[PDB]
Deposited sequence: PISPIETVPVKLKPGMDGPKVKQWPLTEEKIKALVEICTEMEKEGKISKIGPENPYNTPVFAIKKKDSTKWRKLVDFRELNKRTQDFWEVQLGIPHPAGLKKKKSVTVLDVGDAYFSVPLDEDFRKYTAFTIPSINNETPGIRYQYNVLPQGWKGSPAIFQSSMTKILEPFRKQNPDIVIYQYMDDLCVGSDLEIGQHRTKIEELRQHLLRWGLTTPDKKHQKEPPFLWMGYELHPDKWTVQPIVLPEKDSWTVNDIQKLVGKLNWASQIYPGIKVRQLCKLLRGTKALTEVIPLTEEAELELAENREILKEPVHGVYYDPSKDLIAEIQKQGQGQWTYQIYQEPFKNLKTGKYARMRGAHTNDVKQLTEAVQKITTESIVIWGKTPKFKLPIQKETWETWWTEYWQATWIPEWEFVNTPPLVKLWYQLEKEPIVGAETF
């Protein structure tokens, strides 16, 4: 119980009162077990009905988490917490690094008290199956993991804790987003992992490859003989691409299409169209010019389902002006689980959204809210949780980005 800074909410705003979604028994178990300890360890303490706030609570199983980890959804709260200055700046370098490693340090926060006047808002509730009893509701006396105010207040101490290593190795970058720590260096496999360990040591005592993430290009089909359909489809994508590259020309082709021919019908290419493609192929070899990140604007991340386990995504702030584009292939075993793949993707994207810009993008998910809400947590493995909205993939956005590095 050192001292607490008097944090408050953004003017006018009020504490979250979010529904506690339905939970599996086991999860409940874990939670309850978990929560009792923390209770007796003074971290948290039961509250009454006089506390009308609430935040969702789930339970997850990270990599080695063969036991359940408690996870809270302070997103709503986070949104209502007065901004902060003591907030960590973005070292535009870790992106350029050879390899990165993420570290869960939320634990750190428990050792720091939370203003007695704010605690009411951290209210969360453990529900009982079939409503046998009301839920078990607590509060936080310390800095809760998953809350923004935390890494902010525990900033002064995070520096102190790190400089002896930071100051030590300045050829390695350490970035802290929320509960996490992104650690990057160019040292080879063993030489990195070992240093990490040293770092783990330092902390107890108290992987990524951002280089290989190539924002993929678009590649047009290239058969030796062309059909009416073949053109038509091609032309369609090009006519679309024009929204990114206006130089894309589809005239010398739309010619090859006049007359009411069987789609199956074969058509020979004019040397102009022959060039027109050539010219379009070249325009497509590079990302549209004039794309710069605007930290003042929100980062949007859209995802399309290309099927057969494939998924494409584009992070952008202003439409057609992509900061990055990518494909993602389902994880081993995840076969029969669309939801898993998506939840996996999402993470792997918010991953880079952080490395690169040090902030989470708002997602546009091709899935039904009900479906997603029923199962994501079942495969979520992060301390953070981005923002989302569900959508209806336009058939063309999908057809185009399907054309990316649909490899060789």
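A.B. asks: Please report every deposited-sequence interval that has no C-alpha in the structure, sorted by position.
C.D. replies: Missing C-alpha atoms (numbering from 1) occur across the ranges 1-3, 88-90, 213-232, 435-440.
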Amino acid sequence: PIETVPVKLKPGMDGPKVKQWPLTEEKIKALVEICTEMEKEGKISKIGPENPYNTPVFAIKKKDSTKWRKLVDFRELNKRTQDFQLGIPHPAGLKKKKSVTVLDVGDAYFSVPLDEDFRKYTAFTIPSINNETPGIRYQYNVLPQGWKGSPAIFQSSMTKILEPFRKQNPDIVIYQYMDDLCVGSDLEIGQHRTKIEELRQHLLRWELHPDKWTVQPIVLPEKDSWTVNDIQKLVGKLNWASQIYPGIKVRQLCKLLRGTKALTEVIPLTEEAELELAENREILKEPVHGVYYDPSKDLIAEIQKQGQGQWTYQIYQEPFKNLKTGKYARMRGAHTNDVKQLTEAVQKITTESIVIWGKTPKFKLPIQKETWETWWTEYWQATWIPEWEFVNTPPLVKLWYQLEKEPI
From here on, numbers count along this sequence of modelled residues.
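A.B. asks: Taking only the CA atoms, which stretch has the higher mean B-factor in the record, 24-32 or 56-64?
C.D. replies: So the stretch with the higher mean C-alpha B-factor is 56-64.
A.B. asks: For the C-alpha atoms alone, is the average B factor greater in 158-166 or in 117-125, going by the entry?
C.D. replies: Taking the mean B-factor of the alpha carbons in each, 158-166 is higher.
A.B. asks: Comparing recorded Cα B-factors across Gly326, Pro287, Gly333, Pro144, which one is largest?
C.D. replies: By C-alpha B-factor in the record, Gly333 ranks first.
A.B. asks: Pick out which of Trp226, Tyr138, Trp206, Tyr316 has the highest C-alpha B-factor in the PDB entry.
C.D. replies: In the PDB entry, the greatest C-alpha B-factor among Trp226, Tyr138, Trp206, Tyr316 is found at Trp206.
A.B. asks: Against its chain's modelled residues, does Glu272's Cα B factor rank lowest, middle or highest third?
C.D. replies: Its C-alpha B-factor belongs to the middle third of this chain's values.
A.B. asks: Mind checking which third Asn322 falls in for C-alpha B-factor across the chain?
C.D. replies: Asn322: CA B-factor falls in the lowest third of its chain.
A.B. asks: Select lowest, middle or highest to describe the third in which the CA B-factor of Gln304 falls within its chain in this entry.
C.D. replies: Lowest third, going by the recorded CA B-factors of the chain.
A.B. asks: Relative to the other modelled residues in the chain, which third contains the C-alpha temperature factor of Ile88: lowest, middle or highest?
C.D. replies: Its C-alpha B-factor belongs to the highest third of this chain's values.
A.B. asks: Ranking the modelled residues of this chain by C-alpha B-factor as given in the entry, is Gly236 in the lowest, middle or highest third?
C.D. replies: Ranked within chain, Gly236 CA B lands in the lowest tercile.
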